[PDB]
Amino acid sequence: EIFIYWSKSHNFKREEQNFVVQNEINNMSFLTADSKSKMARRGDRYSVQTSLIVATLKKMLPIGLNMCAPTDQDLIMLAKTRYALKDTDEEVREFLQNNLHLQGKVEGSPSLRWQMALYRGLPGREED
Amino acid sequence: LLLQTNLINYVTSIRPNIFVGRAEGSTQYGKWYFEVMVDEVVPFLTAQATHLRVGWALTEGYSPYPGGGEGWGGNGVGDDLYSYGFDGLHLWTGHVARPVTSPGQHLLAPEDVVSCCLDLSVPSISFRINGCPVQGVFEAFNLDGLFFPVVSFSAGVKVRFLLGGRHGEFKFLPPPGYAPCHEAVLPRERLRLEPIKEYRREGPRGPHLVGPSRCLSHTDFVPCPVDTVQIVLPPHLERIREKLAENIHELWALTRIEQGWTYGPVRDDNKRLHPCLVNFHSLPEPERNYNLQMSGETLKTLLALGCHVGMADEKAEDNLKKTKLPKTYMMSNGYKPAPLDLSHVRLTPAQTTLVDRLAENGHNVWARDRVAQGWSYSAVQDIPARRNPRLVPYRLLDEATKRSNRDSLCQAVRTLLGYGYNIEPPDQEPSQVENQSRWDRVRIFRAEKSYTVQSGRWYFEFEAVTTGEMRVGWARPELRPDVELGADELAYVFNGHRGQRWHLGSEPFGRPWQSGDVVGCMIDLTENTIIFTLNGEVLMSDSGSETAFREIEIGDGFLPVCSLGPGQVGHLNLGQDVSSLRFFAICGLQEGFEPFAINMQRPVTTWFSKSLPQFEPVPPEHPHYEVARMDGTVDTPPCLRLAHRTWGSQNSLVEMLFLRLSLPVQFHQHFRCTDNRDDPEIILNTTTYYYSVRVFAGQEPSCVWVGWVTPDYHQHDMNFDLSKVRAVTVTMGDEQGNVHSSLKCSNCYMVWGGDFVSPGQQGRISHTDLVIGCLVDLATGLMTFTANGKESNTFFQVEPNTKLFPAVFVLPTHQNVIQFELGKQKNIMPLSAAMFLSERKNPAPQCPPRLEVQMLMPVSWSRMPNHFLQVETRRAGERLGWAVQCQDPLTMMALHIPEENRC
Amino acid sequence: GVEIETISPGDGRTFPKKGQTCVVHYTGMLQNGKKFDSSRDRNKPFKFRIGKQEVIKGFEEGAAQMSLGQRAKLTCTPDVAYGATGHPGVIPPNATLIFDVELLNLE
């Protein structure tokens, strides 16, 4: 939700680098500090890739995608399409209720079958 | 003409790690004896007869790779000249079975005894069946390399190794002068039975790919120290010639005082009350000044190594004292420390390494001297037989004795350091023990071409059991087998021995692993990215980049590839079973990646770079070597000229090259009992065939070999000479001597071009081309050579049904090197009748397109079988020894190439 | 005519005489070392009536010398073999035949 606000508020983007340039934020120590502890120019001042919001997102993303079942990615890409049509959170929730039965099938693809095995085999996955 | 197919049983070989060999000043005794006990043998478990052979083999080329190969597969002992085998009826050598007379000859039946006698003082390998001698012995065989026991067996056998002493009792009396083979075990290792150099061993979770096994060498049993004679003794050393001797006159005596070995005035050293701590003046004078000049000898070793001394600080003589301890108190002329006492003094690692090699150079001089007095090695000590368990070079010695030697001289160098005199390390020179066989170091493992992927995101694991030079990554389908990964664009690999990434070079990336780590490689053909994950953690380059490689073209595709160095173990987990993956959920599962073999039934066909030389035709696009086919004119016969394209230029390729023709000549099935125009009545009946080679001007004949090779020649030596030619003579006779059948067999039939040149004062670059000719008589098996139209002294005789390939071994030293001439002479038939049946009565020589010149590629690709023979090996007990069992059958259908005689 | 070398001899007492069928489980090979026929591939013993000249002369005269359970290596010259006419499409003219015969049983 923080990244949603960042992605939508243009002034938040605009004064993000203003805070960066005024504080001389390197943005590399916040990611490579453990690399130095592990003994291991172009974007020297500011870049979108060095932002801490997405820097946190790339680490959170496997965790967030872990909860979602393998039958729901097909809903994710069509959700990307309807989100591209600028549908709010309430609207996309209603569209999910409009197409709940359009989710993936276990025998619909051999790629999904092993995904069910390695997803449902976790102790924390409850069938209810 | 047509390739033949047949069902062939899988054959594996099992050896004990008992290695023996001879060399100049060798520390290994050259006479040995062992036995093989046959428990159960199935005569026919499958359609092919059960294979079971016993004999010796050579450590530097006997590589019976499972699957197809020489002849009709199932290669074991005796199928090539790197091994000699006996199976109860034949003395197998050079893939030829020769019957031998025995007292009741038969195949290796259950409840049988096979005794092997090895002599290295003279070349001889004797055999005994059930104690009855075998009337046939190998002689005149190569000594280079090491000889070890080995049994080659198909499925359905139970054999036991009788090694005598503790691992058996030999059930018989070994011949005099022949020692039991169990005495040859090196002290650092324990006796065990392992197969020959392999590429796969089973593991708890899966097959472990195995990098080349490091092999011990005969040259590693000769102790070669640095000579300590031509050293003028320096003034600063004679100045300290005394204290460094006084401190080592009873240092070995200090430990045992005030114990059961406590000295007494009535006796002296070596009388179970040794110490005598008083002084060395009381001790005998010759060993006394001997100990002084042994301290000097250690200082001379320091000089020859590169150690020099310098005095800076306060003299230790002042601030040192002798401590009359309550321990080591004696009644004989007062009490004192047995060596000269010393206070707090330390030693840096340079001194540790230096004292290590100083003890090495002491041990190797002692061993050299003992050998010069005749002594040798035996794991059990025999003083009247003059054998010791410690007559091996220091590098092969045991850690107990290493520490015991190093302790005394560590005290000595410590006492030297106390006086402030510097121990100067010498210069560092990097050296490699083995350099020639650069190919028996990397064994590239990859998948079959049909598994090539050109899309999607893929994942696989590679558990690094060891932490050596092992590379894992992705490679293109046309990856060369004899080139290390990363040298070209055909590899995108991460070398994690020290944390480097390799693609058209090498640059640092990530961190090296440790034992047990799992390297999860990525590939993303959609995003054109390659990532390497170590223990579930994404590796980093020397920047903030998360991807090892980027902007990679799709190309022909990529394959999961890995390679292993010598003595390395790596488990490859391509992903056939998803549960077997360790870090897939941690990295790969949540980011759209999939296992490489996620939906497959059979295991992925994995191809390994087979490091055994084979003969293949020259590529037409070869930048260095080209072969030109010159048409036969009115006066010149057809020729195959070899010219070096890039000779005499920068970055050229200059190395020993082996050349051969693509077609053989087979000798007759039965040998016969007991102007300038060819006469038609006799040229149609002659059995003599002649070919010649033109050594061009500027090409030195000193590095030219000309002759014939049998199709089992796989000897790629860059420093090749006639000594390395494999050969063996098998002599057969009656029960009491009477050698009546002395058969000489060899794979390489070469002559030296340096013996065919007139030794003038100067002008070795002859303006006239050297035309060496070769004549072979198929009806008799006798073959000779002509220097310049005149016959030479050298000749060879071969057995019937033998195949010879026209070969020339040469080191290129000119723009034009050689030229294969398919000519003919007076009443001599050209090769067109000795290679083509349809051209048997065609006198005019021709060069048909099938005949073409071939190189000797060192490494060629091969396929690892989806199943391997299950061998049960264990120690049955003290009385029996080690038992080998194999019952599960495995059969392969092999396509056999007739002319090359290989399947 | 034929040269016999014993391989795994059995009893050496009872020989196949006239009147009873000879059941051999053999393995044939050409002199060059290329196998051309066997019976273990078919997994059925080769039963031939003795004395009726149904088998080649070399094989027929060889089979008498081995005993029950005796395996021997024969060597049949082309004269006692198919000879100049050979075996059409299988054995070339004037070839010497080596047979790894094993007289496993009689009847």
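Using a/c under 1.5 as the rounded threshold, could you call segment B:91-221 rounded, prolate or oblate? The axes a ≥ b ≥ c are square roots of the C-alpha gyration tensor eigenvalues, and prolate needs a/b larger than b/c, oblate otherwise. Provide the component values of the computation, followed by the final result.
Numbers: a/c = 1.58, a/b = 1.37, b/c = 1.15.
Prolate.
If you average 1/r over all unlike Cα pairs in segment B:744-877 and invert the result, what Kirkwood radius do you get in angstrom?
19.2
What distance in nm separates the simple spin-label points at B:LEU653 and C:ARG42, each placed 7 Å from Cα in the Cβ direction?
Here the answer is 5.3 nm between the modelled labels.
Taking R0 as 60 Å, what's the FRET efficiency between B:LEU233 and B:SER541 from their Cβ-Cβ distance, rounded to 0.05? Kindly include the intermediate steps, with their values, before the conclusion.
Details: r = 57 Å, r/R0 = 0.95.
So the FRET efficiency works out to roughly 0.60.
With θ taken as phi - 60° and the coefficients 6.51, -1.76 and 1.60, list the Karplus ³J(HN,Hα) couplings across segment A:86-94 in order, rounded to whole Hz; mark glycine and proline as x.
Values, residue by residue: 6, 9, 5, 5, 5, 5, 5, 5, 5 Hz.
Using the alpha carbon gyration tensor of segment B:483-555, what are the three equivalent-ellipsoid semi-axes (square root of 5 times each eigenvalue), largest first, in whole Å?
19, 15, 11
Treating cross-link reach as a plain straight distance, find the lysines whose alpha-carbon is under 21 Å from the alpha-carbon of B:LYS243, omitting any fewer than eight places away in the same chain.
The reachable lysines, counting only those whose Cα sits under 21 Å from B:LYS243, are B:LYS300, B:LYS315, B:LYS321, B:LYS322, B:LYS324, B:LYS336.
Where does segment B:862-903 land on Rg(C-alpha)/(2.2 N^0.38 Å)? Spell out each step's value before the answer.
Details: Rg = 16.8 Å, N = 42, 2.2 N^0.38 = 9.1 Å.
Here the answer is 1.84, to two decimals.
Given R₀ = 51 Å, FRET efficiency for B:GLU40-B:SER860 by Cβ-Cβ distance, to 0.05?
0.85
Could you give the Stokes-Einstein D for chain A in µm² per second, using the C-alpha Kirkwood radius, 25 °C, 0.890 mPa s?
So the translational diffusion coefficient is about 133 µm²/s.
Using DSSP to define loop residues, name the trypsin sites (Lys or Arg not before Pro) in segment B:684-780 whose beta-carbon has at most 16 other beta-carbon atoms within 10 Å.
B:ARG764
Quick one: which residues, 5+ away or cross-chain, put their amide H under 5 Å from the amide H of C:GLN31? H built at 1.01 Å from N.
Close amide H contacts, sequence-distant or interchain: C:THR96, C:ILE98.
At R0 = 30 Å, how high is the FRET efficiency between B:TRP366 and B:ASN435 if r is their beta carbon distance? Nearest 0.05 is fine.
In this case the efficiency is close to 0.50.
Indicate the gyration tensor shape class of the protein assembly as shown (rounded, prolate or oblate), computed on the Cα atoms with a ≥ b ≥ c the square roots of the eigenvalues: a/c under 1.5 is rounded; otherwise a/b larger than b/c is prolate and the rest oblate. Walk me through the intermediate numbers first.
Working: a/c = 1.62, a/b = 1.11, b/c = 1.46.
Oblate, because a/c is 1.5 or more while a/b does not exceed b/c.
Counting pairs of Cα atoms in segment B:590-715, how many percent are more than 17 Å apart?
On the way: 6147 of 7875 pairs.
Everything past 17 Å amounts to 78 percent.
For labels at C:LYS57 and B:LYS724 in the simple 7 Å Cα→Cβ model, what's the distance in nm?
The two pseudo-label positions are separated by 5.5 nm.
Tell me, what is the Rg over Rh of segment B:681-770, with Rh the Kirkwood radius over Cα pairs?
1.12
What number, in percent, do you get for the relative contact order of segment B:1-154 if the mean sequence gap of Cα pairs under 8 Å and at least 6 apart is divided by its residue count?
34
Pairs to check: B:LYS744/C:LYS17; A:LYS38/A:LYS86; C:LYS18/C:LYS73. Give those whose C-alpha atoms are more than 32 Å from each other in this structure.
B:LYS744/C:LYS17; A:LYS38/A:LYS86
Only loop residues by DSSP count here, and only those with at most 16 other Cβ atoms within 10 Å; note down the trypsin sites (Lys or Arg not before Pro) in segment B:260-320 that meet that.
Numbers: sites: B:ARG267, B:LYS271, B:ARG272, B:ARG288, B:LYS300, B:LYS315; in loops: B:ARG267, B:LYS271, B:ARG272, B:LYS315.
In loop regions of segment B:260-320 (DSSP not H, G, I, E or B), the sparsely surrounded trypsin sites (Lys or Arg not before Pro) are B:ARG267, B:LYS271, B:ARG272, B:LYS315.
Ordered by residue, what ³J(HN,Hα) values in Hz, to whole numbers, does segment B:335-341 give under the Karplus form 6.51 cos²θ - 1.76 cosθ + 1.60, where θ = phi - 60° and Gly and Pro are x?
10, 7, x, 4, x, 7, 5
Name the long-range amide H neighbours of B:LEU391: under 5 Å, sequence gap of 5 or more, or other chain; modelled H, no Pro or chain starts.
B:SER378
Using Cβ contacts closer than 10 Å as the measure, can you line up B:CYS224, B:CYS774 from fewest to most?
On the way: B:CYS224 12, B:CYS774 21.
Listed from fewest to most nearby Cβ atoms, that is B:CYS224, B:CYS774.
Using a/c under 1.5 as the rounded threshold, could you call segment C:1-79 rounded, prolate or oblate? The axes a ≥ b ≥ c are square roots of the C-alpha gyration tensor eigenvalues, and prolate needs a/b larger than b/c, oblate otherwise.
Judged from the Cα gyration tensor, segment C:1-79 comes out rounded (a/c under 1.5).
Whole percent per 5 Å bin, from 0 to the bin with the longest distance: what is P(r) over all C-alpha pairs of segment C:50-107?
Histogramming segment C:50-107 at 5 Å steps yields 4, 19, 25, 24, 15, 9, 3 percent.
Would you kindly derive the ³J(HN,Hα) couplings of segment B:67-80 from the backbone phi angles with the Karplus curve 6.51 cos²θ - 1.76 cosθ + 1.60 (θ = phi - 60°), listing them in order in whole Hz, with x for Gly and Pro?
So the Karplus estimates, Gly and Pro as x, are x, x, x, 5, x, 10, x, x, 5, x, 7, x, 6, 8 Hz.
Using only helices, what value at 222 nm comes out for chain B when you add -39,500 (n - 2.57) per DSSP H run of length 4 or more and divide by the total residues, to the nearest 500 deg cm²/dmol?
Values: 9 runs with 89 residues, N = 903.
Calculated at 222 nm, the ellipticity per residue is -3000 deg cm²/dmol.
Which distance in nm do the two modelled labels at B:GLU681 and B:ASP313 give, with both placed 7 Å along the Cα-to-Cβ direction?
Taking the two extended label points, one gets 10.5 nm.
Be a star and scan segment B:320-364 for residues whose amide nitrogen sits under 19 Å from the point 7 Å along the Cα-to-Cβ vector of B:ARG267.
Under 19 Å, as judged by backbone N against the label point of B:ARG267, lie B:328-333 of segment B:320-364.
Once amide H atoms are placed 1.01 Å from N in the peptide plane, what residues at a sequence separation of 5 or more from B:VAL704, or on another chain, have their amide H within under 5 Å of its amide H?
Residues meeting the amide H criterion: B:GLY753, B:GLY754.
Check each of the trypsin sites (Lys or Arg not before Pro) in segment B:82-188 and keep only those in coil by DSSP with at most 14 other C-beta atoms within 10 angstrom; list them in order.
Working: sites: B:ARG128, B:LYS158, B:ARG160, B:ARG166, B:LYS171, B:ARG188; in loops: B:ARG166, B:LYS171, B:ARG188.
Taking segment B:82-188 and a limit of 14 other Cβ atoms within 10 Å, the loop trypsin sites (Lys or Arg not before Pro) found are B:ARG166, B:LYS171, B:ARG188.
State, in angstrom, two size descriptors of chain B derived from its alpha carbons: Rg to one decimal place and Dmax to the nearest whole number.
Just the Cα atoms of chain B yield Rg and Dmax of 33.0, 110 Å.
So what does log10 I(q)/I(0) come out to for segment B:354-445 at q = 0.20, 0.23 Å⁻¹, using the Debye formula with one equal point on every Cα and no solvent?
Results for segment B:354-445 at q = 0.20, 0.23 Å⁻¹ read -1.02, -1.13.
Antiparallel as a % of all DSSP beta bridges within chain B, to the nearest 5?
95
What translational D, rounded to a whole number of µm²/s, comes out for segment B:252-333 from Stokes-Einstein when the hydrodynamic radius is the Kirkwood one over Cα pairs, at 4 °C and 1.567 mPa s?
83
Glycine also receives a Cβ, built like all others from the backbone with ideal geometry; neighbour counts cover every protein chain displayed. Only the coordinates and a few stated rules stand behind these numbers; no lab work does.
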